[PDB]
Amino acid sequence: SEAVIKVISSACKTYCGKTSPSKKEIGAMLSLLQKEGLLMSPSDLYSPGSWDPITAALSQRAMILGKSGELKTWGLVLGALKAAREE
Ligand SMILES: O=P(O)(O)O[C@@H]1[C@H](O)[C@H](O)[C@@H](OP(=O)(O)O)[C@H](OP(=O)(O)O)[C@H]1O
C-alpha cells in the first residue's frame, strides 16, 4: 500500500537490476490485485501458494482482453520472490 512496494523494490533490484519494476508500476498492479479479489492485502505477496490463481488470471486477461498492463508487473515481482523463497 506504501511500504510493501519498497520492501519489494529493493528486493527486485538485486534479482533483476535496472530491469526491475518501478514504484508507480507495482503500486498500480497492487490496486488491481485487490479489486479483482485475487488478494485481500498487499502482504499477500508473501504467499507463494497463491501465485497460481494470481498468475493464471493475469495471463488469462492479457491473452483474452489483449493487455498485460498488470502481467508485466506480476512476472517481474514474481521472478524476484520466486528466487527469495528458493535460497
Ligand atoms: O529506491 P528504489 O529501491 O530504486 O525505488 C525507486 C524509488 O521509489 C524512487 O523514488 C522512484 O522514483 P518515483 O517516486 O518518481 O516513481 C523509483 O521509480 P522510477 O524508477 O520510475 O524513477 C523507484 O524505482
Handout entry: Residues (within 16 Å of the ligand (Cβ to nearest atom), buried (at least 17 other Cβ atoms within 10 Å of the Cβ) and either in a loop (DSSP other than H, G, I, E, B) or hydrophobic (A, V, I, L, M, F, W, C) (or both)) located in region 58-83
Key = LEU76, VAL77, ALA80, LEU81
Handout entry: Out of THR14, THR55, sole residue that is more than 16 Å from the ligand (Cβ to nearest atom) and either part of a loop (DSSP other than H, G, I, E, B) or under 17 Å from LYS82 (Cβ atoms) (or both)
Key = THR55
Completion exercise
All-but-one check, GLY37 against (1) assigned to a loop (DSSP other than H, G, I, E, B); (2) over 14 Å from the mean Cα position of the chain (by Cα); (3) within 16 Å of the ligand (Cβ to nearest atom), failing number (3)
Handout entry: Contacts under 6 angstrom Cβ, first residue in region 20-31 being touching a residue at least 40 places away in the same chain (Cβ under 8 Å) and part of a helix (DSSP H, G or I), partner within 11 Å of the ligand (Cβ to nearest atom) and among the hydrophobic types (A, V, I, L, M, F, W, C), 6 or more apart
Key = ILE26/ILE5
Handout entry: Where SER43 falls short, out of the listed (1) of a type outside the set (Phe, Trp, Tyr); (2) within 16 Å of the ligand (Cβ to nearest atom); (3) over 15 Å from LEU78 (Cβ atoms); (4) touching a residue at least 12 places away in the same chain (Cβ under 8 Å)
Key = (2)
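Because the Cβ atoms are built from the backbone with ideal geometry, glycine has one as well, and the counts that use them run over all protein chains shown. Every number here is computed from the coordinates shown, using simple stated rules; none is lab data.
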